[PDB]
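Worksheet: one structure, shown below.
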Amino acid sequence: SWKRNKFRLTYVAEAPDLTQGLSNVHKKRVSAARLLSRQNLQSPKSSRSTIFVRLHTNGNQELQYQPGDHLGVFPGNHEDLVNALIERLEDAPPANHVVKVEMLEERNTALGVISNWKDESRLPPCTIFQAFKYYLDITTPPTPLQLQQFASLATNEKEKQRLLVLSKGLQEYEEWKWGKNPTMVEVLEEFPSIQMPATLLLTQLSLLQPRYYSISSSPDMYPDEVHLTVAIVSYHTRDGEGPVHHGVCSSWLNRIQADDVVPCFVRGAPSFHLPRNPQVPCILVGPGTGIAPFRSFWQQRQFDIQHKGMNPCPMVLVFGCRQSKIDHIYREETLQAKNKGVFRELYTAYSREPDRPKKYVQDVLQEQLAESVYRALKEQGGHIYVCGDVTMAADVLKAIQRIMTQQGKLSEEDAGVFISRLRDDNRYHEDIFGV
Ligand SMILES: Cc1cc2nc3c(=O)[nH]c(=O)nc-3n(C[C@H](O)[C@H](O)[C@H](O)COP(=O)(O)OP(=O)(O)OC[C@H]3O[C@@H](n4cnc5c(N)ncnc54)[C@H](O)[C@@H]3O)c2cc1C
Ligand SMILES: NC(=O)c1ccc[n+]([C@@H]2O[C@H](COP(=O)([O-])OP(=O)(O)OC[C@H]3O[C@@H](n4cnc5c(N)ncnc54)[C@H](OP(=O)(O)O)[C@@H]3O)[C@@H](O)[C@H]2O)c1
């Protein structure tokens, strides 16, 4: 918690570089990758965007990965936002000097009570600008409790009262939060009478979390590179008259220039790797950006075939998107992979195709691949991988359970048990893109 005269900023001469600071803060080895290129994957006439990102690992062995793994990425908040926030600070040193945070530690029933300054040691030594851009979350709306604290900092009665109403965290708060999705700087601007101490924000804001992305490349096909498939998150606030808010990491990845440092790390996904046995059938289900890990899969299989002399069992891809002319990302690539024997068949379920009835990936599974799915999973030691949206994944599970009841001639209960065992045996895989 925070209180006046509890924290102070102190100038210091030494400071680690970004990747070291992040490593120290998050207690894990963060590495420095480089942006090689970025390309838009959807049609320019699309209302949305998905970008293809190519990163170079600088030959750093700590960034070794296998198809199916994830890459945690640390983005930077937008500078205009960082600058605007610093401008609303009450006692902020120029934001270009390296400082550390010290906290007045007081002790107990020690009869007189003894205070002692010492390093808080949350953030590493850095400038205020660097702290707000690379280490802290300045975008997540403040909690009712934070607004309560903000109320005691407002010098305008009317504003204090409003803040106090919101601090109740009920109807008024929900309306405010859900309608405005206010960033920290936005709150200070709505209530300009708030006297915001730099130390409060520097110690109370949460740490900026890394964002995970399913690696979209095979390490053999692209040595020293890591590819990502990123949906661009952008949204209108206040029903339309409010400003447009952009996802922090996706917008950052959409802004960086070639050579810019991208702090990241690999997080292995032991339960989302291709099978050790190349001869069993695999069915890949990944609509939209959910196709991401499967790009690493088809590149690896293509490489294994053409360079390792392997003859793996051809896989099946079940993709889905809105329209053939808008968001059918990686279309030509999957086509070429099929031509080289990686895939036996490709399927695409279009949901908003002009003059075409809506189709979801689960529809393809049930209407065109029911017997195939059943034979692969039950009789051929096969695997099924599902990647993407959480609701889609849940719906696909249901479709597979239905296939098991019909094709397998099982009761609801036993179909569920079978699927549960598939998960346990690591033959049913899920890569869900959670919030
Ligand atoms: C294991 C794992 C793998 C993943 N792989 C991928 C991948 O390969 N490709 C990919 O694109 N994503 C992937 N995701 C998502 C990714 O990690 C990020 O969560 C996503 O890119 C958004 O990050 P951001 O920083 O851009 O957004 P943030 O700034 O964190 O904001 C995201 C938040 O924006 C808010 N938001 C979005 N639209 C609206 C709206 N209309 N109204 C109000 N609020 C809104 C929500 O609160 C939302 O959760 C994965 C997630 C996990 C857990
Ligand atoms: N599509 C989603 O699953 C979903 C849900 C909430 C937010 N988002 C956001 O949209 C961006 C793109 O995500 P995305 O690439 O994963 O998805 P997406 O591009 O929005 O959608 C891909 C395909 O999945 C279909 N779909 C939607 N709900 C489904 C379900 N329950 N079962 C099967 N298919 C379903 C979509 O159809 P229709 O949309 O036409 O119905 C579309 O054809 C992200 O930024 C993400 O956070 C996506």
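Just add 962 to wherever you are in the sequence shown, counting from 1, and you've got PDB author numbering. Positions of the beta carbon are idealized from the N, C-alpha and C atoms, including for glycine.
Q) Is the beta carbon of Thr1199 sitting closer than 7 Å to the one on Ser1178? A) In this structure, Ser1178 does not lie closer than 7 Å to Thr1199 by Cβ.
(Q) Is the separation between the beta-carbon of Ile1245 and that of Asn1216 shorter than 7 Å? (A) It is not a contact, given that the beta carbons lie outside the stated cut-off.
(Q) Need the endpoints of the beta strand (DSSP E) that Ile1076 sits in, please. (A) That run of the beta strand (DSSP E) goes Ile1076 to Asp1081.
Q.
Extract the residue ranges of the alpha helix (DSSP H) inside the stretch 1062 to 1141, only unbroken runs of 4 or more that lie entirely within it.
A. For secondary structure counted as the alpha helix (DSSP H) over 4 or more consecutive residues, the stretch 1062 to 1141 holds these complete runs in sequence order: 1106 to 1113 and 1119 to 1128.
Q. Ligand 2 heavy atoms versus the CB of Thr1199: any closer than 6 Å?
A. For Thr1199, the distance from the CB to the nearest heavy atom of ligand 2 is not below 6 Å.
Q. Under three-state DSSP, which class holds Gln1369?
A. In the structure shown, the three-state DSSP call for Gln1369 is helix.
**Q.** Entirely enclosed alpha helix (DSSP H) segments - the stretch 1158 to 1246, minimum 4 residues
**A.** Within the stretch 1158 to 1246, the complete alpha helix (DSSP H) runs of at least 4 residues are 1160 to 1166 and 1210 to 1215.
Q. Cα separation between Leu1047 and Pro1172?
A. Using only the alpha carbons, I get a separation of about 21 Å.
Q: Enumerate in chain order the residues of its own chain whose CB-to-CB distance from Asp1182 is below 6 Å, with the five nearest sequence positions on each side excluded.
A: Result list for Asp1182: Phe1265, in chain order.
**Q.** Separation of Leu1339 from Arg1263, as counted between CA atoms
**A.** Computed Cα separation, rounded: 20 Å.
Q.
Within a Cβ cutoff of 6 Å, which residues of the same chain sit near residue 908, ignoring the five residues on either side of it in sequence?
A. The first residue shown for the chain is 963 and the last is 1397, placing residue 908 beyond what the model contains.
Q: Classify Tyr1336 as helix, strand or coil using the three-state DSSP reduction.
A: It is helical.
Q | Distance CB(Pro1225)-CB(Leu980) smaller than 7 Å | A | Going by C-beta atoms, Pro1225 is nearer than 7 Å to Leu980.
Q | Rounded straight-line distance, which links the Cα of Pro1087 to that of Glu1052 | A | Their Cα atoms are separated by approximately 21 Å.
Q.
Quick check on DSSP: helix, strand or coil for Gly1396?
A. In the structure shown, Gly1396 sits in coil (DSSP, three-state: anything other than H, G, I, E or B).
Q. Between the stretch 1281 to 1297 and the stretch 1381 to 1394, are three or more C-beta pairs nearer than 8 Å?
A. Three or more Cβ pairs closer than 8 Å define a contact, and the stretch 1281 to 1297 falls short of that threshold against the stretch 1381 to 1394.
Q: Go ahead and label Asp1031 buried or exposed: buried means 16 or more other beta carbons lie within 10 angstroms of its beta carbon, across all protein chains shown.
A: By the neighbour-count definition (other C-beta atoms within 10 Å, threshold 16), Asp1031 is a buried residue.
Q | Cβ separation of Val1247 and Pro1276, assumed to be a contact under 8 Å, to the nearest whole Å | A | Rounded, the Cβ-Cβ distance is 16 Å, inconsistent with contact.
Q) To the nearest whole angstrom, what separates the beta carbons of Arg996 and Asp1221, a pair I think is in contact under 8 Å? A) Yes, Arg996 and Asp1221 are in contact; Cβ-Cβ is about 6 Å, under 8 Å.
Q) Would you say the stretch 1297 to 1314 touches the stretch 1340 to 1349, given that touching needs at least three Cβ pairs under 8 Å? A) With the rule of 3 Cβ pairs closer than 8 Å, the stretch 1297 to 1314 does not count as touching the stretch 1340 to 1349.
Q: Please report the Cβ distance between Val1348 and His1290, rounded to the nearest whole angstrom; I am assuming they are in contact, meaning their Cβ atoms lie under 8 Å.
A: For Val1348 against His1290, the beta-carbon gap comes to about 19 Å, at or over 8 Å, which does not count as contact.
**Q.** Limits of the beta strand (DSSP E) - the one that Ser999 falls within
**A.** Boundaries of the beta strand (DSSP E) harbouring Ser999: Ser993 to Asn1002, taken from the DSSP string.
Q. What is the DSSP secondary structure of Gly1252, counted as helix, strand or coil?
A. It is helical.
Q. Under the three-state reduction of DSSP, which class applies to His1290: helix, strand or coil?
A. Reduced to three states, the DSSP call for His1290 is coil.
Q.
Quick check on the DSSP output: the beta strand (DSSP E) that includes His988 runs from which residue to which?
A. That residue, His988, is in no beta strand (DSSP E); its alpha helix (DSSP H) goes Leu980 to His988.
Q. How would you write the range of the beta strand (DSSP E) that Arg1383 sits in, first residue to last?
A. Per DSSP, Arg1383 is not a residue of any beta strand (DSSP E); the alpha helix (DSSP H) it occupies stretches across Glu1374 to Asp1386.
Q) Could you check where the alpha helix (DSSP H) with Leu1051 kicks off and where it finishes? A) Looking at the DSSP string, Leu1051 is not in any alpha helix (DSSP H), and its letter there is neither H nor E.
Q) In terms of alpha-carbon separation, which member of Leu1297, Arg966, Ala1356 and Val1206 lies closest to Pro1159? A) Residue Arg966 is the option with its Cα nearest to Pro1159.
Q) Would you say the beta carbon of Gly1250 comes nearer than 6 Å to a heavy atom of ligand 4? A) Ligand 4 is absent from the structure shown, which contains only ligand 1 and ligand 2.
Q) So, do the stretch 1092 to 1100 and the stretch 1112 to 1127 have three or more beta carbon pairs nearer to each other than 8 Å? A) Segment contact: the stretch 1092 to 1100 against the stretch 1112 to 1127, fewer than three CB-CB distances shorter than 8 Å; contact not assigned.
Q | Cross-strand partners of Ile1346 (DSSP beta bridge) | A | Partner(s): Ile1245 and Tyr1390.
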